[PDB]
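Nothing in this text is a laboratory measurement; each read-out follows from the coordinates by a stated rule. All Cβ positions, even for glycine, are placed from backbone atoms using ideal geometry, and neighbour counts span all protein chains on display.
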Ligand SMILES: Nc1ncnc2c1ncn2[C@@H]1O[C@H](COP(=O)(O)OP(=O)(O)O)[C@@H](O)[C@H]1O
Ligand SMILES: Nc1ncnc2c1ncn2[C@@H]1O[C@H](COP(=O)(O)OP(=O)(O)O)[C@@H](O)[C@H]1O
Ligand SMILES: NC[C@@H](O)c1ccc(Br)cc1
Ligand code: NA
Ligand code: NA
């Protein structure tokens, strides 16, 4: 688990979050993946630190899931827990599209504006 | 109400109207603010969206919190340091909980 | 290997009294049948911190099966709040007491002189066969005040029935109110009349954040942060806020609008910030802002930059309140269209409750509340008083009751003319003529 | 039971409001402390508030006492008719002192105005 995302939770996280997430879903996963699971009026994050076979596999009914060890530090990883994104915004598609266009070049391609007047 | 000199060329050069959502937008907002909740089969978020004319996103977010807290209050009685994940993950918010929230008049 | 049942039928949720007597608890009739209890039976109640109480159980046709009605004296003796759980069992083996020892609680008898036993204890126990337990604190009303006593021993021990033959001993060092958990001069929901529905709404709003604060480090859902109470002056807005703090066990910090605004520039803002920090440090807490409009009028009605700075400071402090766990801000105004609308934004004052003027039934309840320490003559007709006080608010009715009592005293200070005597005060009756005199004055 | 704490006397100038307050103090043997509105408001910022507070403390120290505020409206007009933050501070100070009056045993405040509205 990623430490900040399980603070204030107690109990069996595996049974509550990981089992339903993977159950008969045959999810493909890769070593180094960070994934988000929702339930219980919160969201928790986990990191895939190893797989066998390596470095990716399908999590199948026979797959054993190990969860023992030192929790991951959220500051050491790139993830979106509790960060708002466009997926958190409903019912103003056209206004958001306008704003996206307005900021695309200055925020995503800033070097452009030392080339052009 | 703001100082019109703020709209001069090179200051606030663009304006965008973020209005009130329509029924389809309200449904999307309700789906966003329940995505971490367990909703019972009888929850009809489309009905909630249809009857919340004029509400904005903050109103809908407050409604969803109110419904979830009502659900908890109803099932804190039969249970009464750190809360347990299995308890929280099996609690379902029901249509009755949304109906209770929609029937309060103090917001 | 070493266990026992968990969902026990004798675990009940604590609910408010309908019968305000210290010795009585009420159950539903089906629950009494399930537990094989009968009207008048003595029962043993178990609460928190291994506290116990002995009471007489009666049936009540409005009690939910899973709840028990008990007054605030019994709740304190059991160390429970409304909404907590107790257990109840039959207590058939209670004997008539040979002797008991009781002591007064010091603060509650200050300024009284005379024989407290004869004035308070004798009428309280007389032919009532009250069950009592060692360690009980109980409240007795009369003489236009309330006094408190502690049961420090009983024989047999640790509980008995106080019967006509029981000897009551009262000699020794008075009990220190600070060493005990009791409700003397603390306002509760039993001190509030004529706004049952509004109080029920507020109770629901604060239940989880003030009573179950750990919940909100488990879940991402947001509770109410600010509750605005609207209504004319004197409708009990401060009373409600205080009562909710007391009944939930929350720290209570009062901010009074004029007091903040009497300060110099800068000191007003420091005092607001200090209030929120003290509340956070003692959370769960309620901050109550009395006369909010003195601090936070609409920008139209501000004629100064120091006044605008103070409103802005309050807005910023409300915004910080999410970072302050288990703190609820309640605020009161009688000019709701007068306060700054930015106060109603999501995450500031998110809820509003209209505390209106009471109706005739509510006025009667208020009159009963404000006469509960008085001796009322047989001819006092509080229903008549309630019927004729249309438009009055709680403060008006409280003033009326004081005025009637002082008129009664003036009429019987003449025929008598350092410390007043309990027997004099406890035998003085307020009469209908005294209420009629009060109702006929026009100078309030 | 609570006695009256403050008594407002209303009437045109010269109808005996000060006379009444003085006479009640003398006939009851109460200490009498006069606060005159214009005199308070002639003081610098801060001195007005200190003088109000000092009046209530002296009355409490000599109780039973009557504080009489002559020309109350010079100190405590409606917020409409205040054109300054020092004037609003002074009204607020008086409100706070009245609220403290329950903690000051046997002190009655009488006040007079010819503009009660
Ligand atoms: N609903 C009520 N029940 C009992 N007493 C009340 C009620 N409302 C007001 N009072 C009495 O009026 C007085 C002032 O009430 P307060 O809470 O200060 O009113 P507000 O804050 O609304 O101005 C108190 O003595 C209080 O007991
Ligand atoms: N009712 C009265 N009886 C006798 N003299 C009065 C009366 N009312 C006013 N006066 C006289 O008028 C003068 C001023 O009265 P004062 O008490 O200052 O009035 P106010 O305070 O109402 O302005 C005093 O000399 C006082 O004796
Ligand atoms: N001094 C008190 C002592 O006489 C006494 C002890 C116990 C009991 Br029960 C009553 C009285
Ligand atoms: Na991170
Ligand atoms: Na105490």
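Counting, for every residue in C:216-228, the Cβ atoms of other protein chains within 10 Å of its Cβ and taking the mean gives 6. Hydrodynamic analysis of the protein assembly as shown uses the Kirkwood radius over alpha carbon pairs. Inserted into Stokes-Einstein at 37 °C and 0.692 mPa s, it gives a translational diffusion coefficient of 105 µm²/s. Can you list the residues of the stretch C:96-111 with backbone N under 16 Å from a point 7 Å past the Cα of residue C:179, pointing along Cα to Cβ? Output list for this probe position: C:101-109. A straight line joining the Cα centroids of the stretch B:43-107 and the stretch C:54-111 runs 36 Å. Hey, quick one: spin label on residue D:28, modelled 7 Å out along Cα-Cβ, who in the stretch C:410-427 has an amide N within reach, i.e. under 17 Å? Answer for the stretch C:410-427: C:410-411, C:413-414.
Only helices enter the 222 nm calculation for chain D: every DSSP H run of n ≥ 4 contributes -39,500 (n - 2.57), and dividing by all residues gives -12500 deg cm²/dmol, rounded to 500. Going from the residue with the fewest nearby Cβ atoms within 10 Å to the one with the most, B:93, C:74, D:91 rank D:91, B:93, C:74.
Could you give log10 I(q)/I(0) at q = 0.13, 0.19, 0.22 Å⁻¹ for the stretch C:360-440, computed by the Debye formula over C-alpha point scatterers of equal weight, without solvent? Normalising to I(0) and taking log10 leaves -0.40, -0.79, -1.01.
Computed from the Kirkwood radius of its Cα pairs, the Stokes-Einstein diffusion coefficient for the stretch B:23-103 at 10 °C and 1.306 mPa s stands at 121 µm²/s.
Going by neighbour counts of Cβ atoms within 10 Å, the residues A:114, C:134, A:100 line up, fewest first, as A:114, A:100, C:134. Calculate how steeply helix A:93-103 sits against the longest principal axis of the alpha-carbon atoms of chain A, using the helix alpha-carbon long axis, and give the answer as 0 to 90 degrees to the nearest 10. The helix A:93-103 is inclined about 70 degrees to chain A. For chain A, averaging the sequence separation of C-alpha pairs within contact (under 8 Å, six or more residues apart) and dividing by the residue count gives a relative contact order of 27 percent. Diagonalising the gyration tensor over the Cα atoms of the stretch C:99-179 and scaling each eigenvalue by 5 before taking the square root yields semi-axes of 20, 15, 10 Å, largest first.
The mean count of C-beta atoms from other chains within 10 Å of the C-beta of residues in C:201-207, rounded to a whole number, is 3. Among D:37, D:29, D:84, the residue with the largest mean-square fluctuation in a Gaussian network model of chain D, with springs joining Cα atoms closer than 10 Å, is D:84.
To the nearest 0.05, how large is the calculated FRET efficiency for residue A:36 and residue C:84 if R₀ is 45 Å and r is the Cβ-Cβ distance? The formula returns an efficiency of 0.75 here. Between A:53, A:106, A:28, the GNM of chain A built on Cα springs shorter than 10 angstrom shows A:106 fluctuating the most.
The Stokes-Einstein estimate for chain C, based on a Kirkwood radius over Cα pairs and taken at 20 °C with 1.002 mPa s viscosity, is a diffusion coefficient of 88 µm²/s. Based on the convex hull around the alpha carbon atoms, the stretch C:189-344 presents an average projected area of 9.1 nm². Shown for C:432, B:88: other C-beta atoms within 10 Å of each C-beta, ranked fewest to most, produce the order C:432, B:88.
With respect to chain D, whose longest principal axis is taken over its alpha-carbon atoms, helix D:47-61 is tilted by about 10°.
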